[PDB]
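Before any questions on how it binds or moves, here is one chain, the form deposited without ligand 4NZ, in structure tokens.
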């Protein structure tokens, strides 16, 4: 991977439009064609799950409005993980709304510094710094009105990467949703000068944890995590919700683990003196 390529994709594909929609029950998609952002409607206001690139905050706000939700009604902002493609609008929306920001405790320094871990001088991976109001750990519960999410610590992609679980209805029945935080290697260094200490063990633990979770609906911070666009095209009133696929996290985590092994081998070979 190259950082140039990460930036090129972030500026073409990840800033492109996608029409917002009700995904399941009180969870709404308001992201772009390449970065997933969600509104969760509660009885006491809105929870915003992530933002997008720093230059895309206006478009996220416009997507929220296309559903009839008010940006002013956002009470809580939750983060999956603290990289600029998910945190770019946090400072802006927090200031405009007075919302509180909730994030995994080990990502707090990243959020509060606005920098990429292990590459802290790289201005093109920086974002507007934002204060964390509540730092969460495994099992912590976050409630707004009628709605509660549970934090799961799923580190690797970032040290504080937090996957968020909540219950929704599909007709009369409960379904369990996971906003999975990301388990890609992406720009991280695994060996040599690792991006952070213990990164390899964190990824390992996260893949295993993901395969053991009982989850009906897999979501994530990029639509490619769960094949959003193909599912969206299959939505029809009266037909089963295509976002319900309870085996998907096991399949996806298996794919992530296999790619992880490839990247670890590649980076290990690249360390050899030549």
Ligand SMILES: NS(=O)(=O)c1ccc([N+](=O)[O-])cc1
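Residue numbers count along the first chain shown, from 1.
Separately, the form solved in complex with ligand 4NZ exists; it is not shown, and the next lines address it.
Participant: Taking ligand 4NZ as it sits in the deposited complex, is residue 14 in contact with it (heavy atom to heavy atom, 4.5 Å or less)?
Facilitator: Residue 14 belongs to the contact set for ligand 4NZ.
Participant: Can you tell me whether residue 222 touches ligand 4NZ? I mean in the deposited complex, with a 4.5 angstroms heavy atom cut-off.
Facilitator: Heavy-atom contact with ligand 4NZ at 4.5 Å: present for residue 222.
Participant: Residue-level question: is residue 99 within 4.5 Å of ligand 4NZ in the deposited complex, judged on heavy atoms?
Facilitator: Contact with ligand 4NZ, no.
Participant: Taking ligand 4NZ as it sits in the deposited complex, is residue 107 near enough to touch it, meaning that at least one heavy atom pair lies within 4.5 angstroms?
Facilitator: Although ligand 4NZ is absent here, residue 107 would stay clear of it in the deposited complex, with no heavy atoms inside 4.5 Å.
Participant: Among 69-77, 161-169, 85-93, 191-199, which stretch has residues with heavy atoms no more than 4.5 Å from ligand 4NZ in the deposited complex?
Facilitator: Stretch 85-93 is the one.
Participant: Only one of 153, 142, 135, 187 comes within 4.5 Å of ligand 4NZ in the deposited complex by heavy atoms, so just point that one out.
Facilitator: Going through each option in turn, the one that passes is 187.
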